[PDB]
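What follows is one structure encoded as structure tokens, with my remarks underneath.
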Amino acid sequence: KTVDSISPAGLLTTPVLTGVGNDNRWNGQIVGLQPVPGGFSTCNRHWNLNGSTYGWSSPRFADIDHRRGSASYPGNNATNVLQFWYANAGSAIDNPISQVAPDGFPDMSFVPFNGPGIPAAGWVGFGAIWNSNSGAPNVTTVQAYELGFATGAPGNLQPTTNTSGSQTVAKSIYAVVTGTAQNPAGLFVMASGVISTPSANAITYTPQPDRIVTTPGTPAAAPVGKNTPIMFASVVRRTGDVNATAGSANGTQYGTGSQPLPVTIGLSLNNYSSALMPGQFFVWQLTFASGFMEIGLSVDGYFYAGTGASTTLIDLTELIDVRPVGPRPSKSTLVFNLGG
Amino acid sequence: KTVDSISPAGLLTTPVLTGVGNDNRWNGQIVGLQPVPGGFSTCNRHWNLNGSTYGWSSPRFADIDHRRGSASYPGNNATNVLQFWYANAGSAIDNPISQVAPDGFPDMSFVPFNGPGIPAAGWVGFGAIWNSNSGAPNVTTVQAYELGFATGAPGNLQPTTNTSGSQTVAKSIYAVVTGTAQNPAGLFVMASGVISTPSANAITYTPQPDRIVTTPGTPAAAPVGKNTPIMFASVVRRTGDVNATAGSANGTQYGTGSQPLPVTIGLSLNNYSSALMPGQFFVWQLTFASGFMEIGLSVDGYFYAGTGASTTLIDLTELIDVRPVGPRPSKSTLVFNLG
């Protein structure tokens with residue numbers, strides 16, 4: 001009957017920002033929005049307004065499991081080494097969405113480090129290596145592993161930007177008493193991750209806009225007018241300091257994803273090809289305790305705020321309620337009557 | 001709309017059963033419902049019709065962290081041992097809900113084991129040890145640890161049924177070449193969990209109703225008439241076999257939880273004290289490809305189905321849509337028209 005479509009209004013409600021709500025990279029609670037000027041690209045769990053995506057990783061933090069790929073360890077002695085596993089891009093047969101990666105693989109560029117030094121930034125997760133042919137894993141290798149994308153493995157390792165021509169790498173950061181080198185081998189890494197750090201302090205918000213890998217054919221965020229794109233922050237645990245409660249003893253680490261997961265779940269099923277007229281964005285109205293803000297949502301899944309050329313984190317501590325408004329064009333500047 | 005709170009027909013819709021929507025113990029898709037004859041009692045992430053919880057563990061799979069608790073190891077040599085951590089039930093000062101357990105600690109009674117033989121079922125997790133006083137975690141000890149509740153540690157370790165008068169315990173299932181013995185020590189365990197199985201063929205759904213720990217003062221699910229309580233299964237990986245896929249090469253392990261997590265997320269905020277008159281349940285109508293089954297939701301937060309005295313797992317593969325019905329009393333028997 002009549003308009004047999006759904007407006008994109010009820011998926012982003014009041015308790016998505018001051019309560020429950022998680023990111024696309026870690027399953028961390030959203031405490032901030034931080035703008036970036038210049039743009040960024042994310043395509044992992046980023047769903048556009050149609051029923052499609054450009055990437056792997058169905059919206060769920062379950063598991064990373066890969067079966068075929070080569071393993072190695074350096075040194076002539078098979079005692080207290082760093083296990084290094086590699087596969088090429090396009091060998092993931094088990095993933096029904098995209099062949100370029102196993103489901104849940106982090107889309108960051110590998111940093112080249114060697115020796116006993118803990119690497120700065122990155123993506124580490126707890127996991128183990130398992131043999132093929134009705135797999136039972138080896139007992140004497142369970143460790144934290146840093147995964148990512150490289151070129152020229154296992155020799156001169158360089159970070160990669162584009163997924164085409166790249167190869168997925170997985171190097172342990174801690175010592176392990178056994179190292180295998182069998183050609184059929186795989187990984188089993190939990191989906192939720194932490195950030196590896198040399199000492200405490202606070203590196204930067206991770207990722208930076210330039211380190212994020214993109215597949216070919218990805219839509220990029222661009223600042224239109226005085227509006228600029230935002231990125232959702234979450235307080236995540238680190239390896240240099242396990243007790244990273246949001247209090248004293250330096251600023252806690254912030255990890256940033258692209259869009260809220262509730263939005264990814266509620267967008268995946270429905271088609272919104274006519275629900276928002278291109279050239280505009282759908283705008284919500286956040287009301288704090290001492291101000292208010294307008295937040296937009298385009299045809300590509302990106303979120304906009306009219307901060308301009310500022311890189312300051314905006315805290316949803318005093319946020320109370322949101323409210324739908326409708327479509328509004330991109331030439332109109334979203335308001336920035338904040339508490340300051 | 002400020003008073004006279006709404007009926008809960010919106011928290012359970014059609015994509016919960018055949019799409020997104022996870023469990024309470026594990027983060028997996030709900031592949032079926034299984035009826036337990038006799039009843040059960042889960043009080044970890046359980047919220048009633050009135051908004052209240054009787055227990056710890058806020059509804060989010062984050063991580064498990066503690067600061068106070070002692071670590072020890074057997075053997076005269078500090079090489080290839082099994083670490084042994086314990087703390088008493090009540091030292092969770094940082095927990096703002098209740099003191100009796102740290103946040104995210106599973107409600108599994110401890111299965112006592114000794115030696116290279118891995119235990120039968122349980123809750124293991126990839127984790128590490130860490131020391132207090134601005135201390136980072138130790139590099140050389142990261143392993144899979146099984147967690148639980150014991151009595152009489154570190155001597156004769158016994159499984160525990162009641163949460164009161166107990167102590168939380170954690171020990172490694174594999175070998176690690178180092179052990180620490182400081183009095184202040186703590187865990188860091190990922191919140192997602194798996195089940196350690198020795199031979200791993202068909203086995204048994206975990207946890208059983210005789211293995212779930214309970215806080216004192218819990219409400220207990222009872223079969224009223226022909227309606228039995230049900231409990232939602234999911235596919236969970238095992239330590240013996242990484243490929244725990246729903247296909248060929250052996251039947252799968254079904255990990256079971258009390259109520260779905262979108263239901264707990266939508267019901268941890270709203271209050272439904274006047275929405276449903278007690279003594280009845282809010283019944284829906286699931287429509288499969290060849291039949292229909294009615295599922296009721298009581299005031300305790302439990303789910304009821306009229307399957308009878310059967311332990312057959314009902315597969316949600318052909319389920320299409322869910323239409324709400326509303327309030328219906330406990331004397332009425334739910335239908336079980338199945339193909």
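Residues are referred to by chain and number: the chain letter is A, B, ... according to the order shown in the structure tokens, the number counts from 1 in that chain, and ligands are numbered separately from 1 in the order shown.
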
Considering only C-alpha atoms, return as a compact mmCIF listing (two decimals) with N, CA and C atoms, in the first residue's frame whatever protein or nucleic-acid residues lie within 12 Å of residue 106 of chain B, sequence-local ones (same chain, fewer than 2 positions apart) excluded.
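Result written to around_29.txt:
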# COMPACT_ATOMS: atom_id res chain seq x y z
N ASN B 24 23.75 -15.72 24.77
CA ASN B 24 24.17 -15.09 26.02
C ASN B 24 25.53 -15.58 26.50
N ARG B 25 25.87 -16.84 26.25
CA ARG B 25 27.17 -17.34 26.67
C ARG B 25 28.22 -17.13 25.59
N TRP B 26 27.82 -17.23 24.32
CA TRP B 26 28.73 -17.16 23.19
C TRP B 26 28.16 -16.22 22.14
N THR B 42 19.37 -19.90 34.78
CA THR B 42 20.48 -19.07 34.34
C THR B 42 20.29 -17.67 34.88
N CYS B 43 21.31 -17.15 35.56
CA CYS B 43 21.22 -15.84 36.20
C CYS B 43 22.51 -15.06 36.03
N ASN B 44 23.11 -15.10 34.83
CA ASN B 44 24.27 -14.27 34.55
C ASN B 44 23.91 -13.02 33.76
N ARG B 45 23.40 -13.19 32.55
CA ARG B 45 22.99 -12.05 31.73
C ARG B 45 21.47 -12.02 31.57
N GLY B 55 22.73 -10.88 39.47
CA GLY B 55 24.04 -11.36 39.08
C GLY B 55 24.87 -10.26 38.45
N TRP B 56 26.08 -10.66 38.06
CA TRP B 56 27.13 -9.82 37.51
C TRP B 56 26.97 -9.74 35.99
N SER B 57 28.01 -9.29 35.28
CA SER B 57 28.20 -9.46 33.83
C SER B 57 27.12 -8.75 33.00
N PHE B 61 29.92 -8.58 25.18
CA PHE B 61 31.10 -9.48 25.15
C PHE B 61 32.36 -8.63 24.99
N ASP B 63 35.72 -8.18 27.70
CA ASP B 63 36.91 -8.95 28.15
C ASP B 63 36.79 -9.26 29.65
N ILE B 64 37.66 -10.12 30.17
CA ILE B 64 37.64 -10.47 31.62
C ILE B 64 38.93 -9.93 32.26
N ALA B 101 31.72 -11.79 41.37
CA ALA B 101 32.50 -12.30 40.25
C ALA B 101 33.01 -11.13 39.43
N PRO B 102 34.14 -11.26 38.73
CA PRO B 102 34.54 -10.21 37.79
C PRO B 102 33.64 -10.19 36.57
N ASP B 103 33.67 -9.07 35.85
CA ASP B 103 32.78 -8.86 34.72
C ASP B 103 33.20 -9.72 33.53
N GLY B 104 32.28 -10.56 33.07
CA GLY B 104 32.54 -11.46 31.97
C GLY B 104 33.01 -12.84 32.37
N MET B 108 30.35 -21.39 34.64
CA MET B 108 30.59 -22.81 34.43
C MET B 108 31.29 -23.37 35.66
N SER B 109 30.72 -24.44 36.23
CA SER B 109 31.37 -25.14 37.33
C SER B 109 32.63 -25.82 36.83
N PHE B 110 33.66 -25.86 37.68
CA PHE B 110 34.96 -26.33 37.23
C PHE B 110 34.99 -27.84 37.11
N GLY B 122 33.83 -27.58 29.14
CA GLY B 122 34.32 -26.46 29.91
C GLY B 122 34.48 -25.20 29.07
N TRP B 123 34.96 -24.15 29.73
CA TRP B 123 35.11 -22.83 29.13
C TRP B 123 36.60 -22.47 29.13
N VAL B 124 37.24 -22.63 27.98
CA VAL B 124 38.61 -22.19 27.79
C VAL B 124 38.59 -20.89 26.99
N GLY B 125 39.72 -20.19 27.04
CA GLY B 125 39.84 -18.92 26.35
C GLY B 125 41.29 -18.52 26.23
N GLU B 146 41.44 -22.48 31.00
CA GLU B 146 40.07 -22.82 31.34
C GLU B 146 39.72 -22.17 32.68
N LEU B 147 38.53 -21.56 32.73
CA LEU B 147 38.07 -20.82 33.89
C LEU B 147 36.92 -21.56 34.56
N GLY B 148 36.70 -21.29 35.84
CA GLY B 148 35.60 -21.93 36.53
C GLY B 148 35.50 -21.51 37.98
N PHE B 149 34.58 -22.16 38.68
CA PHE B 149 34.37 -21.97 40.11
C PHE B 149 34.71 -23.27 40.83
N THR B 163 26.90 -20.04 44.11
CA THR B 163 27.93 -19.02 43.98
C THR B 163 28.45 -18.57 45.34
N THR B 168 36.79 -18.29 42.64
CA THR B 168 37.01 -18.39 41.20
C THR B 168 38.42 -18.87 40.92
N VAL B 169 38.56 -19.66 39.85
CA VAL B 169 39.78 -20.38 39.56
C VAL B 169 40.01 -20.38 38.05
N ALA B 170 41.28 -20.46 37.65
CA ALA B 170 41.67 -20.47 36.24
C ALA B 170 42.99 -21.20 36.09
N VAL B 189 41.55 -12.32 29.87
CA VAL B 189 40.95 -13.37 29.05
C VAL B 189 39.98 -12.71 28.08
N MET B 190 40.08 -13.14 26.81
CA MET B 190 39.13 -12.66 25.78
C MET B 190 37.74 -13.11 26.24
N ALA B 191 36.71 -12.41 25.81
CA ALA B 191 35.38 -12.71 26.33
C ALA B 191 34.68 -13.83 25.57
N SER B 192 35.01 -14.00 24.29
CA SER B 192 34.45 -15.11 23.52
C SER B 192 35.11 -16.42 23.94
N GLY B 193 34.32 -17.49 23.99
CA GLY B 193 34.79 -18.74 24.53
C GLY B 193 34.43 -19.92 23.65
N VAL B 194 35.17 -21.01 23.86
CA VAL B 194 34.99 -22.26 23.14
C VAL B 194 35.02 -23.41 24.14
N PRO B 207 26.43 -25.82 28.06
CA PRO B 207 26.45 -26.57 29.33
C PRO B 207 25.14 -27.32 29.59
N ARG B 211 25.00 -28.25 35.35
CA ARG B 211 26.33 -27.65 35.37
C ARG B 211 26.32 -26.13 35.43
N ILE B 212 25.16 -25.50 35.53
CA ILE B 212 25.05 -24.05 35.55
C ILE B 212 25.00 -23.58 37.00
N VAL B 213 25.92 -22.69 37.37
CA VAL B 213 25.96 -22.18 38.74
C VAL B 213 24.86 -21.14 38.91
N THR B 214 24.41 -20.97 40.15
CA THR B 214 23.30 -20.08 40.47
C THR B 214 23.63 -19.25 41.71
N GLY B 257 22.53 -21.30 25.18
CA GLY B 257 22.36 -20.16 26.05
C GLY B 257 20.88 -19.91 26.34

Using only C-alpha atoms and a distance of at most 8 Å, pull out the residues of chain B that contact chain A, as a PDB file with C-alpha atoms, in the first residue's frame.
ATOM      1  CA  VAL B  20      21.482 -11.528  13.135  1.00  0.00           C
ATOM      2  CA  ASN B  27      28.620 -14.897  20.137  1.00  0.00           C
ATOM      3  CA  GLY B  28      27.124 -17.219  17.539  1.00  0.00           C
ATOM      4  CA  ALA B  62      34.127  -7.299  26.056  1.00  0.00           C
ATOM      5  CA  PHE B 126      42.965 -17.385  24.867  1.00  0.00           C
ATOM      6  CA  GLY B 127      44.486 -15.217  27.574  1.00  0.00           C
ATOM      7  CA  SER B 134      51.364  -0.213  36.889  1.00  0.00           C
ATOM      8  CA  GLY B 135      52.452  -3.588  35.415  1.00  0.00           C
ATOM      9  CA  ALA B 136      52.212  -4.724  31.757  1.00  0.00           C
ATOM     10  CA  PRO B 137      51.455  -8.423  30.889  1.00  0.00           C
ATOM     11  CA  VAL B 139      55.543 -11.885  27.339  1.00  0.00           C
ATOM     12  CA  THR B 140      56.445 -15.545  27.861  1.00  0.00           C
ATOM     13  CA  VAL B 142      50.128 -16.383  26.797  1.00  0.00           C
ATOM     14  CA  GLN B 143      48.037 -19.548  26.617  1.00  0.00           C
ATOM     15  CA  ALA B 144      44.549 -21.033  26.552  1.00  0.00           C
ATOM     16  CA  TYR B 174      48.583 -26.564  27.595  1.00  0.00           C
ATOM     17  CA  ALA B 175      52.267 -26.192  28.491  1.00  0.00           C
ATOM     18  CA  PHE B 188      43.308 -10.993  30.880  1.00  0.00           C
ATOM     19  CA  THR B 239      39.922 -27.130  20.658  1.00  0.00           C
ATOM     20  CA  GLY B 240      40.221 -30.632  19.210  1.00  0.00           C
ATOM     21  CA  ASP B 241      38.908 -29.680  15.750  1.00  0.00           C
ATOM     22  CA  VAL B 242      39.276 -26.187  14.272  1.00  0.00           C
ATOM     23  CA  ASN B 243      36.803 -27.049  11.474  1.00  0.00           C
ATOM     24  CA  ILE B 265      19.872  -5.365  24.972  1.00  0.00           C
TER      25      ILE B 265
END

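With distances restricted to only C-alpha atoms, B:167 is the closest residue to residue 105 of chain B from B:311, B:79, B:84, B:167.
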
Q | DSSP strand (DSSP E or B) residues within segment 69-217 of chain B, listed as a ChimeraX atom specification | A | /B:69-72,81,84-88,108-109,123-131,137-151,158-159,162,167-172,176,184-190,194-195,206,212,214

Please, could you write that set of residues out with C-alpha atoms as a PDB file, in the first residue's frame?
ATOM      1  CA  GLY B  69      44.295 -12.917  43.124  1.00  0.00           C
ATOM      2  CA  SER B  70      47.148 -15.358  43.645  1.00  0.00           C
ATOM      3  CA  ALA B  71      49.132 -17.380  41.107  1.00  0.00           C
ATOM      4  CA  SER B  72      50.911 -20.674  41.804  1.00  0.00           C
ATOM      5  CA  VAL B  81      54.068 -26.402  34.016  1.00  0.00           C
ATOM      6  CA  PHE B  84      47.135 -21.918  38.739  1.00  0.00           C
ATOM      7  CA  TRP B  85      45.245 -18.702  39.536  1.00  0.00           C
ATOM      8  CA  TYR B  86      42.551 -18.285  42.149  1.00  0.00           C
ATOM      9  CA  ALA B  87      40.699 -15.506  43.941  1.00  0.00           C
ATOM     10  CA  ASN B  88      37.797 -15.547  46.379  1.00  0.00           C
ATOM     11  CA  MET B 108      30.587 -22.812  34.433  1.00  0.00           C
ATOM     12  CA  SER B 109      31.374 -25.135  37.334  1.00  0.00           C
ATOM     13  CA  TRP B 123      35.113 -22.827  29.130  1.00  0.00           C
ATOM     14  CA  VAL B 124      38.609 -22.187  27.789  1.00  0.00           C
ATOM     15  CA  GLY B 125      39.842 -18.920  26.346  1.00  0.00           C
ATOM     16  CA  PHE B 126      42.965 -17.385  24.867  1.00  0.00           C
ATOM     17  CA  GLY B 127      44.486 -15.217  27.574  1.00  0.00           C
ATOM     18  CA  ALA B 128      47.438 -14.132  29.685  1.00  0.00           C
ATOM     19  CA  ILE B 129      48.579 -13.269  33.209  1.00  0.00           C
ATOM     20  CA  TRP B 130      49.578  -9.791  34.416  1.00  0.00           C
ATOM     21  CA  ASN B 131      51.018  -8.228  37.575  1.00  0.00           C
ATOM     22  CA  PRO B 137      51.455  -8.423  30.889  1.00  0.00           C
ATOM     23  CA  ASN B 138      54.234 -10.983  30.793  1.00  0.00           C
ATOM     24  CA  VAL B 139      55.543 -11.885  27.339  1.00  0.00           C
ATOM     25  CA  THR B 140      56.445 -15.545  27.861  1.00  0.00           C
ATOM     26  CA  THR B 141      53.046 -16.711  29.237  1.00  0.00           C
ATOM     27  CA  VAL B 142      50.128 -16.383  26.797  1.00  0.00           C
ATOM     28  CA  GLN B 143      48.037 -19.548  26.617  1.00  0.00           C
ATOM     29  CA  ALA B 144      44.549 -21.033  26.552  1.00  0.00           C
ATOM     30  CA  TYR B 145      43.199 -21.070  30.112  1.00  0.00           C
ATOM     31  CA  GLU B 146      40.067 -22.820  31.343  1.00  0.00           C
ATOM     32  CA  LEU B 147      38.065 -20.818  33.888  1.00  0.00           C
ATOM     33  CA  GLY B 148      35.597 -21.930  36.528  1.00  0.00           C
ATOM     34  CA  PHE B 149      34.373 -21.975  40.113  1.00  0.00           C
ATOM     35  CA  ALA B 150      36.043 -24.375  42.555  1.00  0.00           C
ATOM     36  CA  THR B 151      36.045 -25.255  46.244  1.00  0.00           C
ATOM     37  CA  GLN B 158      35.700 -29.830  43.462  1.00  0.00           C
ATOM     38  CA  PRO B 159      32.930 -28.467  41.209  1.00  0.00           C
ATOM     39  CA  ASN B 162      26.092 -22.304  44.483  1.00  0.00           C
ATOM     40  CA  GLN B 167      36.192 -19.058  44.856  1.00  0.00           C
ATOM     41  CA  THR B 168      37.005 -18.386  41.203  1.00  0.00           C
ATOM     42  CA  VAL B 169      39.783 -20.383  39.556  1.00  0.00           C
ATOM     43  CA  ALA B 170      41.666 -20.466  36.244  1.00  0.00           C
ATOM     44  CA  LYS B 171      44.322 -22.821  34.911  1.00  0.00           C
ATOM     45  CA  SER B 172      46.072 -23.553  31.632  1.00  0.00           C
ATOM     46  CA  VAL B 176      54.029 -22.893  29.238  1.00  0.00           C
ATOM     47  CA  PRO B 184      49.009  -9.679  43.521  1.00  0.00           C
ATOM     48  CA  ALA B 185      48.209 -11.063  40.064  1.00  0.00           C
ATOM     49  CA  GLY B 186      45.354 -11.006  37.579  1.00  0.00           C
ATOM     50  CA  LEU B 187      43.969 -12.369  34.323  1.00  0.00           C
ATOM     51  CA  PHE B 188      43.308 -10.993  30.880  1.00  0.00           C
ATOM     52  CA  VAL B 189      40.953 -13.370  29.050  1.00  0.00           C
ATOM     53  CA  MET B 190      39.131 -12.661  25.783  1.00  0.00           C
ATOM     54  CA  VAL B 194      34.992 -22.265  23.137  1.00  0.00           C
ATOM     55  CA  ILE B 195      34.664 -25.823  24.456  1.00  0.00           C
ATOM     56  CA  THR B 206      27.213 -27.687  26.643  1.00  0.00           C
ATOM     57  CA  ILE B 212      25.054 -24.046  35.548  1.00  0.00           C
ATOM     58  CA  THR B 214      23.301 -20.078  40.475  1.00  0.00           C
TER      59      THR B 214
END

Q.
Using only C-alpha atoms for the distances, tell me which of B:49, B:309, B:89, B:322 is nearest to residue 286 of chain B.
A. B:322

Q: Compile the contact shell of residue 167 of chain A as a PyMOL selection string: residues with an atom at most 12 Å away, counting only C-alpha atoms, same-chain residues fewer than 2 positions apart removed.
A: chain A and resi 69-70+85-92+100-101+107+109-110+147-154+157-165+169-170

Please write the residues from the selection above to a file, keeping N, CA and C atoms, as a compact mmCIF listing (two decimals), in the first residue's frame.
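Once everything was written out, this is again29.txt:
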# COMPACT_ATOMS: atom_id res chain seq x y z
N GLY A 69 47.97 -22.18 3.40
CA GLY A 69 48.94 -21.10 3.37
C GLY A 69 50.25 -21.50 4.03
N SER A 70 51.34 -20.82 3.70
CA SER A 70 52.65 -21.32 4.11
C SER A 70 53.07 -20.73 5.45
N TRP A 85 53.51 -16.52 9.10
CA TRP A 85 52.60 -17.22 8.20
C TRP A 85 52.19 -16.27 7.09
N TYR A 86 52.10 -16.79 5.87
CA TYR A 86 51.77 -15.92 4.75
C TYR A 86 50.88 -16.67 3.77
N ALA A 87 50.01 -15.90 3.11
CA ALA A 87 49.22 -16.39 1.99
C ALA A 87 49.03 -15.23 1.02
N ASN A 88 48.64 -15.55 -0.20
CA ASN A 88 48.41 -14.51 -1.19
C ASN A 88 46.96 -14.04 -1.14
N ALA A 89 46.70 -12.94 -1.83
CA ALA A 89 45.35 -12.39 -1.90
C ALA A 89 44.57 -13.08 -3.02
N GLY A 90 43.42 -13.65 -2.68
CA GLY A 90 42.61 -14.37 -3.63
C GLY A 90 42.53 -15.87 -3.42
N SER A 91 43.11 -16.39 -2.35
CA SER A 91 43.08 -17.82 -2.07
C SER A 91 41.98 -18.22 -1.09
N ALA A 92 41.16 -17.27 -0.64
CA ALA A 92 40.10 -17.57 0.32
C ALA A 92 38.90 -18.12 -0.43
N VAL A 100 39.17 -12.15 -1.39
CA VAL A 100 40.45 -11.48 -1.16
C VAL A 100 41.01 -11.70 0.23
N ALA A 101 40.21 -12.18 1.18
CA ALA A 101 40.63 -12.30 2.57
C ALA A 101 39.74 -13.33 3.25
N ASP A 107 41.94 -4.90 8.05
CA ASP A 107 42.39 -4.24 6.79
C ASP A 107 43.42 -3.15 7.08
N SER A 109 47.82 -1.96 7.18
CA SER A 109 49.11 -2.26 6.51
C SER A 109 50.13 -2.77 7.55
N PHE A 110 50.84 -3.85 7.23
CA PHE A 110 51.83 -4.40 8.14
C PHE A 110 52.97 -3.40 8.32
N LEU A 147 48.68 -9.36 12.47
CA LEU A 147 48.31 -9.70 11.10
C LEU A 147 48.32 -8.43 10.25
N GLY A 148 48.29 -8.61 8.94
CA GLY A 148 48.23 -7.45 8.07
C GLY A 148 48.57 -7.80 6.64
N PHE A 149 48.93 -6.77 5.88
CA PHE A 149 49.14 -6.86 4.44
C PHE A 149 50.55 -6.41 4.12
N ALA A 150 51.27 -7.21 3.34
CA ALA A 150 52.63 -6.85 2.96
C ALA A 150 52.87 -7.16 1.49
N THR A 151 54.12 -6.91 1.09
CA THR A 151 54.65 -7.28 -0.22
C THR A 151 56.07 -7.79 -0.03
N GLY A 152 56.45 -8.76 -0.85
CA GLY A 152 57.80 -9.27 -0.83
C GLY A 152 58.11 -10.15 0.35
N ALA A 153 57.10 -10.85 0.88
CA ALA A 153 57.31 -11.82 1.93
C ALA A 153 58.02 -13.05 1.36
N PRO A 154 58.90 -13.71 2.15
CA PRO A 154 59.36 -13.41 3.52
C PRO A 154 60.69 -12.67 3.55
N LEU A 157 60.09 -6.91 3.67
CA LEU A 157 58.66 -6.66 3.87
C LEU A 157 58.37 -5.16 3.80
N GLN A 158 57.45 -4.79 2.91
CA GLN A 158 57.02 -3.41 2.75
C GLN A 158 55.51 -3.32 2.97
N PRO A 159 55.02 -2.22 3.54
CA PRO A 159 53.56 -2.05 3.67
C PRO A 159 52.91 -1.77 2.32
N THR A 160 51.62 -2.09 2.25
CA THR A 160 50.86 -2.03 1.01
C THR A 160 49.64 -1.14 1.20
N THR A 161 49.24 -0.45 0.14
CA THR A 161 48.03 0.36 0.15
C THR A 161 46.85 -0.31 -0.53
N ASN A 162 47.04 -0.84 -1.74
CA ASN A 162 45.97 -1.47 -2.50
C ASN A 162 45.98 -2.97 -2.25
N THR A 163 44.79 -3.58 -2.25
CA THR A 163 44.67 -5.00 -1.95
C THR A 163 45.17 -5.86 -3.11
N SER A 164 45.05 -5.35 -4.34
CA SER A 164 45.54 -6.08 -5.49
C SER A 164 47.06 -6.04 -5.54
N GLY A 165 47.68 -7.20 -5.71
CA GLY A 165 49.13 -7.30 -5.68
C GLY A 165 49.73 -7.42 -4.29
N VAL A 169 49.92 -11.43 5.71
CA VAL A 169 51.04 -11.85 6.54
C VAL A 169 50.58 -11.88 7.99
N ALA A 170 51.26 -12.71 8.78
CA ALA A 170 50.85 -12.97 10.16
C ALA A 170 52.11 -13.34 10.95

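Put simply, atom CA of residue 328 of chain B is 23.4 Å away from atom CA of residue 41 of chain B.
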
**Q.** Contacts of segment 40-55 of chain A within 8 Å, only C-alpha atoms, excl. fewer than 4 positions in-chain, as a ChimeraX atom specification
**A.** /A:24,36,59,97-98,107,209-210,212-215,217-222,258-259,264,267-273,299-301

Q: Choose the residue, out of A:202, A:121, A:82, A:235, that has the smallest atom-to-atom separation from residue 250 of chain A; count only C-alpha atoms.
A: A:202

Q) Which one of A:204, A:197, A:133, A:310 sits closest to residue 251 of chain A if you count only C-alpha atoms? A) A:204
